[PDB]
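Read-outs: derived from the displayed coordinates by stated rules, not from any lab. Positions of Cβ are backbone-derived with ideal geometry, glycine not excepted, and every protein chain shown enters the neighbour counts.
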RNA sequence: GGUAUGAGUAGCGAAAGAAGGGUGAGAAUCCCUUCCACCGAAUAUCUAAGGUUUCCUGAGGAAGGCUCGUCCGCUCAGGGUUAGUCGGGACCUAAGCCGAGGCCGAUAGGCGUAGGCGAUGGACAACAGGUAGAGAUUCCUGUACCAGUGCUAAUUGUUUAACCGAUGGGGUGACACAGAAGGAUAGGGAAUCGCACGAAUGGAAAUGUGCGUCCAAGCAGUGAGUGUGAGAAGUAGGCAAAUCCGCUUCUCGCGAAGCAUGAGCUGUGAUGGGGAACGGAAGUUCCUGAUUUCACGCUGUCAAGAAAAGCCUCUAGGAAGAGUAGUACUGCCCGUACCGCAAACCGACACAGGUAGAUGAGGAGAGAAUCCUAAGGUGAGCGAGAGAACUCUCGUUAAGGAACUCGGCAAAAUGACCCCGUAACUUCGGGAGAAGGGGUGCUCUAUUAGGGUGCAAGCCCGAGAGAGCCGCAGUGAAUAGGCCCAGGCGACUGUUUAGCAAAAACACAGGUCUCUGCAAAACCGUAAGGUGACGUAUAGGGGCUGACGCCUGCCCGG
RNA sequence: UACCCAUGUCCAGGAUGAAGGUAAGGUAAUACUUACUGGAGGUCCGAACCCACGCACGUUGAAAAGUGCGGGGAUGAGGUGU
Ligand SMILES: [Mg+2]
Ligand SMILES: [Mg+2]
Ligand SMILES: [Mg+2]
Ligand SMILES: [Mg+2]
Ligand SMILES: [Mg+2]
Ligand SMILES: [Mg+2]
Ligand SMILES: [Mg+2]
Ligand SMILES: [Mg+2]
Ligand SMILES: [Mg+2]
Ligand SMILES: [Mg+2]
Ligand SMILES: [Mg+2]
Ligand SMILES: [Mg+2]
Ligand SMILES: [Mg+2]
Ligand SMILES: [Mg+2]
Ligand SMILES: [Mg+2]
Ligand SMILES: [Mg+2]
Ligand SMILES: [Mg+2]
Ligand SMILES: [Mg+2]
Ligand SMILES: [Mg+2]
Ligand SMILES: [Mg+2]
Ligand SMILES: [Mg+2]
Ligand SMILES: [Mg+2]
Ligand SMILES: [Mg+2]
Ligand SMILES: [Mg+2]
Ligand SMILES: [Mg+2]
Ligand SMILES: [Mg+2]
Ligand SMILES: [Mg+2]
Ligand SMILES: [Mg+2]
Ligand SMILES: [Mg+2]
Ligand SMILES: [Mg+2]
Ligand SMILES: [Mg+2]
Ligand SMILES: [Mg+2]
Ligand SMILES: [Mg+2]
Ligand SMILES: [Mg+2]
Ligand SMILES: [Mg+2]
Ligand SMILES: [Mg+2]
Ligand SMILES: [Mg+2]
Ligand SMILES: [Mg+2]
Ligand SMILES: [Mg+2]
Ligand SMILES: [Mg+2]
Ligand SMILES: [Mg+2]
Ligand SMILES: [Mg+2]
Ligand SMILES: [Mg+2]
Ligand SMILES: [Mg+2]
Ligand SMILES: [Mg+2]
Ligand SMILES: [Mg+2]
Ligand SMILES: [Mg+2]
Ligand SMILES: [Mg+2]
């Protein structure tokens, strides 16, 4: 039994866009990934 | 408008096999409800629609020389006209 | 009465239980039930703040009338019921006007008895009066501290307090602990010892039974490492190698008094226990 | 970064293949056939997750595939997923999360009320056939149901108020665990019936062989049963009100009725559908029988067992339209392919690992064990020889029998059922399967006696004995305890160093000390707010000791 | 992964026979005895399942902790899903 037991819901609830937006530090992360120019935020 | 909702007919072995059964397969706007498709088909073709079945197709991933990407997502509507209703031609 | 189980297993070997003789129904009053979820000693931060709680049997809360407000109207004791939330049994009171309430079941409270609350209530067991109305020497329970707040002080199985005197707008009560303190005289109490007094004799018998009651195991400080507990560490068993036995959070824990030194209620305590 | 060396070396990832035919430039490896072999409480059938096109068809054979390759989960093209009723949303709430105002706080923010979100739970209407390169309770056929809508027709109502009816009241919804006995039905089996055959090598025209031996929801009946004293008055309660609930009193009392529920059954559905054989026959009776259902129904226990919507009812309110029948019409969005004990998911791999749930046949059996099989699935992506050392995994072994070794480590032995018999000690439960012994196949008496089932017919189960008969051996295979004596430690079942320690360590019931009078002490937090506890000294926190028995001495100078 | 919360779900088969109950005795009434009933348990044996005691093997592994043969628990201080 390995780490990484995927769940669509758990992935979005923990790491998704709306969760990131819901906190100030979450928004810092989005701002940082936009600054680096990532294709994929969240 | 009605001709926004109905994009184009679908011509395949499957689509062409059910024309004799008075079932007409269209590619319809991805936002169009099967109710909007019913009333659009009636406006465009002057027919009486018995039922509309609808299905969403997700985009198919296609490569072309180290560039990969998805074809368009499609919404396919099968429109059954009534016995008394006139046919659509294709 | 206490039933002693025969030693058919090492688990049952010294176990004892209530016979639940006093219980008259196994079915609570549906209207007086509230949901109750286990907290398992966790705060509003989700952090464990009290150790050794978690994972007992599911329970429903029974709404208990600790206020005993319903003055004048007679209440017939309809049943004595098991309450998983407290050591005492509870009694369903059918009031003559068709209101049902639960009270703490006093010792000697029988189905069919009638109870009253207020100034005209007799000094008969499950009756509730203001302390100014209760004779000196009477044995009471479910004592309120602030008028109309509800009984807080002597509620657990088998406990009882005694009215000692009447000193101004205050009555002197000897509480179950043997502390003598002043209660405001417009506070009310119920007459009689609480009931289910056998409760303390029960031998839980096996580890599992403590787990059903929601108690998780206690680990002794002296078998923890030094980063976990002041008693932690040492090669082999160690004595308490400290000037005092300590709590897990420092602080001496044998004799060290913890009642706040400058306590507002100190003026109402006449004899400490 | 490139390229050597080791080296044509290690390895090629658990397993049964064979031949004939085909295809093709080319074949151990692709296709077909036949035989053989393997799984079969799975290596079968569903299905959630997860994956995301891997699915189907046609081309292909650079690379990928541990070999090969004409083949592929690979490459390239086209295709493929159909819902009022299935699962999710337009319904409900749990944990939890967010949270207008609010409380708290250098900033940021933290907390929290109303109110929301949130299934893993509640509620909620469709079945059987057909069809097929790829979907099907979705398409088609037949027959339904749920919620609406208009249109006809009567009917009744239109201010002592048909009817609707709360965002309010009440009831239900609404719940643990264990056990026992039943009813029924799935399933299983045997005869019966139908159809086909009549046979290779000695025999058989039949106790012969093979194959088959039926069907939905809905609608209308019924029904094992399971619960449930009814009626009337009267009202300090149910935030107003109440005809409803609750409470009281009175009359009438009974395992009888009603009233609720209720598996299943019978009709219809069906002149239909399916069916052993381009065709359409039989559908019966009996036995067995659930891990399903009636149903957490009943009984018991203590550890005392969600909520909300929904549904029903009550009024407060709103009201000229309302229902009934018939007719035809209306019913949105999302998912639907395929894999799913796996080569498609998690493990970098086409990886001996991991992956919830439903179903899971027969013989013998208590059984989902075991061995062999059914349905169904599979022969495992290197092979051909050889049959040295050595290694691993196995089988056997003269005489001896622990002499081995740190140590009987390993292996051997024991093993099922029935019967006999069973010590010290003991907390009286145990110890105990102690130990130690004996039996076990087949035939006849024998549709035995005697059970179960049934109206019968029959069908099933079935001892004890007597005679006999074969083997070296009868739980003839497979699967099933080795035992005893004595001591240390720990009372006990539990727990632990994921990946070198499972223990004498931890825990534990019990003991004791101590703190704590409730805005408790203790604990988290700057605080608010919390836990403690919706508890209240028979309670809660902390220290030490650790079942039970007998006990627990002296010292208070530090 | 640890603990916890809410809500689900799983545990073939067999064995034993606690309390309680009933009936006989028994007694002034009781203790009590015997039989039947009853179905308790961190109960017993044993698959699934969970675990990980011994040994072997593996040790540029089939595997960055496994496999094989034995082993322990298996209605609970149980396992497991969301
Ligand atoms: Mg990953
Ligand atoms: Mg759809
Ligand atoms: Mg504690
Ligand atoms: Mg340690
Ligand atoms: Mg240490
Ligand atoms: Mg320290
Ligand atoms: Mg120390
Ligand atoms: Mg020492
Ligand atoms: Mg070499
Ligand atoms: Mg070599
Ligand atoms: Mg080699
Ligand atoms: Mg291989
Ligand atoms: Mg098996
Ligand atoms: Mg394919
Ligand atoms: Mg190759
Ligand atoms: Mg090909
Ligand atoms: Mg909540
Ligand atoms: Mg709320
Ligand atoms: Mg929601
Ligand atoms: Mg398919
Ligand atoms: Mg259709
Ligand atoms: Mg309830
Ligand atoms: Mg499918
Ligand atoms: Mg694999
Ligand atoms: Mg598992
Ligand atoms: Mg087969
Ligand atoms: Mg020998
Ligand atoms: Mg010999
Ligand atoms: Mg020796
Ligand atoms: Mg030697
Ligand atoms: Mg030696
Ligand atoms: Mg030695
Ligand atoms: Mg050994
Ligand atoms: Mg023996
Ligand atoms: Mg045998
Ligand atoms: Mg131990
Ligand atoms: Mg143990
Ligand atoms: Mg370790
Ligand atoms: Mg170990
Ligand atoms: Mg506080
Ligand atoms: Mg100790
Ligand atoms: Mg203790
Ligand atoms: Mg759970
Ligand atoms: Mg056990
Ligand atoms: Mg060891
Ligand atoms: Mg094993
Ligand atoms: Mg054991
Ligand atoms: Mg066992």
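Percent of C-alpha pairs per 10 Å bin in the stretch C:128-273, short distances first: 10, 26, 22, 23, 15, 4, 0. For chain C, what does the alpha-carbon gyration tensor say about shape, rounded, prolate or oblate, given a ≥ b ≥ c as the root eigenvalues, a/c under 1.5 as rounded, and a/b over b/c as prolate? Note, shape of chain C comes out oblate.
If we sort C:150-161, B:31-42, C:3-14 on the protection proxy, mean other Cβ atoms within 10 Å, highest first, what's the order? Intermediate results must be reported in sequence, preceding the final value.
Values: C:150-161: 19.4, B:31-42: 17.2, C:3-14: 11.5.
Ranked by mean Cβ neighbours within 10 Å, highest first: C:150-161, B:31-42, C:3-14.
As a test of the formula, what do you get for chain C when each DSSP H run with n ≥ 4 contributes -39,500 (n - 2.57) and the sum is divided by the residue count, at 222 nm and rounded to the nearest 500 deg cm²/dmol?
Working: 1 runs with 6 residues, N = 273.
Helices in chain C give a 222 nm mean residue ellipticity of -500 deg cm²/dmol.
For the peptides C:102-108, C:209-215, the ranking by mean Cβ contacts within 10 Å, running from highest to lowest, is C:102-108, C:209-215. Every helix of 4 or more DSSP H residues in chain B counts as -39500 (n - 2.57), and over all residues that averages to -6000 deg cm²/dmol at 222 nm. Figure legend: label point modelled 7 angstrom from the Cα of residue C:120 along Cα→Cβ; residues of the stretch C:176-201 with amide N under 20 Å from it are C:188-191.
From largest to smallest, the equivalent ellipsoid semi-axes obtained for the stretch C:1-155 from the alpha-carbon gyration tensor read 31, 22, 17 Å.
For the residues C:109, C:36, B:19, what sequence is obtained by ranking on other C-beta atoms within 10 Å, fewest first?
On the way: C:109 22, C:36 13, B:19 16.
So the residues, fewest neighbours to most, are C:36, B:19, C:109.
Legend: P(r) of the stretch C:59-98 from all alpha carbon pair distances, 10 Å bins from 0, whole percents, reading 25, 53, 21, 1.
What FRET efficiency comes out for the pair residue C:47/residue C:6, r = Cβ-Cβ distance, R0 = 60 Å, nearest 0.05? Mind dumping the intermediate values first?
Values: r = 45 Å, r/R0 = 0.74.
The value I calculate is 0.85.
Using only the Cα atoms, work out Rg/Rh for chain B, with Rh taken as the Kirkwood radius, to two decimals. Before the final figure, lay out each step's value.
Numbers: Rg = 14.7 Å, Rh = 13.9 Å.
Rounded to two decimals, Rg/Rh equals 1.05.
Using a cutoff of 8 angstrom between alpha carbon atoms and counting only pairs six or more residues apart, the relative contact order for chain C works out to 17 percent. The calculated FRET efficiency for the pair residue A:21 and residue C:262, based on their C-beta separation and a Förster distance of 51 Å, comes to about 0.55. Does the protein assembly as shown come out rounded, prolate or oblate, given a ≥ b ≥ c as the square roots of the eigenvalues of its C-alpha gyration tensor, rounded meaning a/c under 1.5 and, failing that, prolate meaning a/b above b/c? Because a/c hits 1.5 or more and a/b exceeds b/c, the protein assembly as shown counts as prolate. Between the stretch C:190-215 and the stretch C:38-74, the alpha-carbon centres lie 17 Å apart.
Inverting the pair-averaged 1/r between distinct Cα atoms of chain A gives 11.2 Å as its Kirkwood hydrodynamic radius.
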